[PDB]
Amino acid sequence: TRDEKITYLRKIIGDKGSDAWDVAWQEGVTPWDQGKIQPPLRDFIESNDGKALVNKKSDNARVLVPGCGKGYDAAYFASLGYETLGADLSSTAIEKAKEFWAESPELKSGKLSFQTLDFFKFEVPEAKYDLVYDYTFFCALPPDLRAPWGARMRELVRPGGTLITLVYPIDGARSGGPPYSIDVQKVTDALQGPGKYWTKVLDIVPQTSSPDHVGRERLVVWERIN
């Protein structure tokens, strides 16, 4: 049962820390994997507020998708014409992502790119990213990692760039391990260490949530300011 898979996942993470992730991937305990992007992402992009960003897209607009897993989101942004990097801690995940998207034109062209990278450790390219998409990443991090997460986000997103955060699961007081209950407030506190580094341009309830996501998810768009 999936409740067992979560319980086991919390065990490995308690024992092996961040290394538990590649373990979980190769052992096949991946109860988060949904096979596809979350509908809110597509709807936002196809919406007019989102169309604004994609027409602002420069020739080499770069997208980072941290904790990308099998990389559905990365592959989505690549299909929009963005040079896109999907990065997961787990080389298994990165291998399973290259299989899953093996037939993607963007994988062949290089637009889409999957790499085993530690979000906290890798070398932020000097150009920085025009767009970062965080889904089921922030909520995977133990609470003591949210400030580094926000700190990293500040260096990763070029000024005037965009950070999209599908904030999920908004589950209230639930004290469980991964996935942690989060809310916009917890994201805001991490990102701004009010108004210091980001502008929250857009904070909405998606009209198109997955059914198990309904009432537990908000899409928030953040602009990087100097």
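Numbering starts at 1 and follows the sequence shown. Rigid core (definition): largest C-alpha set, two forms, superposition within 1.5 Å.
- Choosing between 169-177 and 182-190, the greater Cα displacement from the shown form in 5 other deposited structures of this protein, fitted by the core, goes with 169-177.
- Coordinates are given for every deposited residue between residue 159 and residue 160; the gap count there is zero.
- Looking at 48-56 and 170-178 together, the entry lists the larger mean B-factor for 48-56, computed on C-alpha atoms.
- Between 57-65 and 31-39, the higher mean Cα B-factor belongs to 57-65.
- Residue-level temperature factors show residue 89 in the lowest third of its chain, judged at the C-alpha atom.
- Per-chain ranking of the deposited C-alpha B factor places residue 24 in the middle third.
- In this PDB entry, the Cα temperature factor of residue 152 sits in the bottom third of its chain's modelled residues, the lowest group.
- Among the modelled residues of its chain, residue 105 has a C-alpha B-factor that falls in the middle third according to the deposited record.
- In this PDB entry, residue 125 carries a Cα temperature factor that places it within the highest third of its chain's modelled residues.
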